[PDB]
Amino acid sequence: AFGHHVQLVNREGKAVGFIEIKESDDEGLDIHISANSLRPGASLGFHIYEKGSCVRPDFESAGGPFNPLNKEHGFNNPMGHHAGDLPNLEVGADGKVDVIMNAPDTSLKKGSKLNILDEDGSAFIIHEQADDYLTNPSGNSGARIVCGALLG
C-alpha cells in the first residue's frame, strides 16, 4: 500500500491535491495522483524531475528530468526513454484528475539506480500542455504548472 504522501502546489502556491506511491508488485512504482484546479478536458505533460524542491513560480528549482539511464525524452523517440517520463494526465470536465499509473522505471529502495527517494529527493511536475512523447528535453510540454516534492 500507498505512502510517501506528497502535497501538490501550483504556480501560485495553492494546495491542489496529492500524490502517494506504492512499491509495486510489480514492478517499479504505482503513482496515485489526485489533483484539482487544472484546465478542463486538457491532456497535460507529467514527469518526475531529479530534485525534491517545489519553489514558485516556475519550479526550475528543481531539476532534472529523472534520467539515471541517460536516455533522451519520450515514449515515441527511437532514442527515448527517461525513467521519469509518465503518460499525459487527462483532465476531467471537473478540472480534476484522480488516477493510478505505473512508473516502471523507478524505485524507493536505497541503493537502486532508479531510486527516486534519495537524499536530494525528486519532484512530480504537471505541465501546461501535452507532452508529444518525442521532442527533447520534455516533449514540448511547456511551462511546469504543478509540483509536488518527494523528500526523505
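The first residue of the sequence shown is number 1, and the count goes up from there.
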query: What stretch has the higher average Cα B-factor here, 65-73 or 30-38?
result: 65-73
- prompt: What stretch has the higher average Cα B-factor here, 14-22 or 133-141?
  reply: 133-141
message: Comparing recorded Cα B-factors across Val91, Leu114, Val99, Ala103, which one is largest?
response: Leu114
- line: Chain thirds by Cα B factor, record data; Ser122 belongs to the middle
message: Splitting the chain's C-alpha B-factors into thirds, which one does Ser53 fall into?
response: highest
task: Please place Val6 in the lowest, middle or highest third of its chain by C-alpha B factor as given in the entry.
output: middle
CA B-factor ranking of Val146, expressed as a third of its chain: lowest
